[PDB]
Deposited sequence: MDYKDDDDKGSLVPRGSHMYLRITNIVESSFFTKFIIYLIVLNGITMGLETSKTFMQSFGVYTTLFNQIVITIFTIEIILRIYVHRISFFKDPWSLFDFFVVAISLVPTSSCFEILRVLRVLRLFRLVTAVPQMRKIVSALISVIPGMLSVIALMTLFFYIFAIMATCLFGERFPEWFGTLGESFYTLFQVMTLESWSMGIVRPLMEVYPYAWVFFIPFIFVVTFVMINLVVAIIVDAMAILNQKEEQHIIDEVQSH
């Protein structure tokens, strides 16, 4: 709480400061779409690599100041921890060059209207873990069974626990599940439909129950407020 501290804290917690930073995120945003074009990169490639290293310096300063002001309150703030990690990524000198584009998610971290909706969304998840747990177990058990039942004749789709996880996931989205996977399978395993139809019933029932549960946990609130 010294004189220097508060001088900084006045700049950081400024309107102008955020608006500045949101202006840059949006500008880098546009920059990163243009950098997607070889034509654009063939002419103005120099300029945008300059602008990229500028912005990422500015954001390191920005994150350093914010730490000066906020102390370990910073490192217990999700939105700040996010901002930390997306800028840190951008600092390391081939998948990482791409993961840089995750800095545009700073538009979410910095615009309150965005933060609101992301919070609303994420707060739905705790009441889902039990069902997600059930489901992940359901899949593990089926992935094993399928790997034994069909891996040898159908290595592409079932040769491996992971091939089976992937294929079972595809069947749950109902993508080409019959013409793509089960119809071919039955050409060797007449009774394969006894594995896949029950699998599709369980998985779809649980998804429906999952969504009904989000709709109720939501109404539970509205029918506490209106009880007052």
Ranges of the deposited sequence (numbered from 1) for which no C-alpha atom is modelled: 1-15, 109-113, 249-257
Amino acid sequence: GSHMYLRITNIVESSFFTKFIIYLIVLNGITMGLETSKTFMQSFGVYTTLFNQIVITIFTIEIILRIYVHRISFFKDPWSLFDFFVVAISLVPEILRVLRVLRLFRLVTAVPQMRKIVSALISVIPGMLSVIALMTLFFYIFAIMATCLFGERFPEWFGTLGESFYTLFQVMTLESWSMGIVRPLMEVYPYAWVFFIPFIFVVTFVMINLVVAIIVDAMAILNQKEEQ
From here on, numbers count along this sequence of modelled residues.
Stretch with the greater mean C-alpha B-factor as recorded in the entry, comparing 43-51 against 188-196: 43-51
Segment of higher mean CA temperature factor, 94-102 or 124-132: 94-102
Candidate set 138, 75, 158, 79 [ranked by C-alpha B-factor, highest]: 75
Position of residue 15 among the chain's modelled residues by C-alpha B-factor, lowest, middle or highest third: highest
Chain third (lowest, middle, highest) by recorded CA B-factor, residue given as residue 71: highest
Lowest, middle or highest third - CA B-factor, residue 114: middle
Assigned third (lowest, middle, highest) for the C-alpha B factor of residue 146: lowest
Modelled-residue ranking by C-alpha temperature factor, third containing residue 61: highest
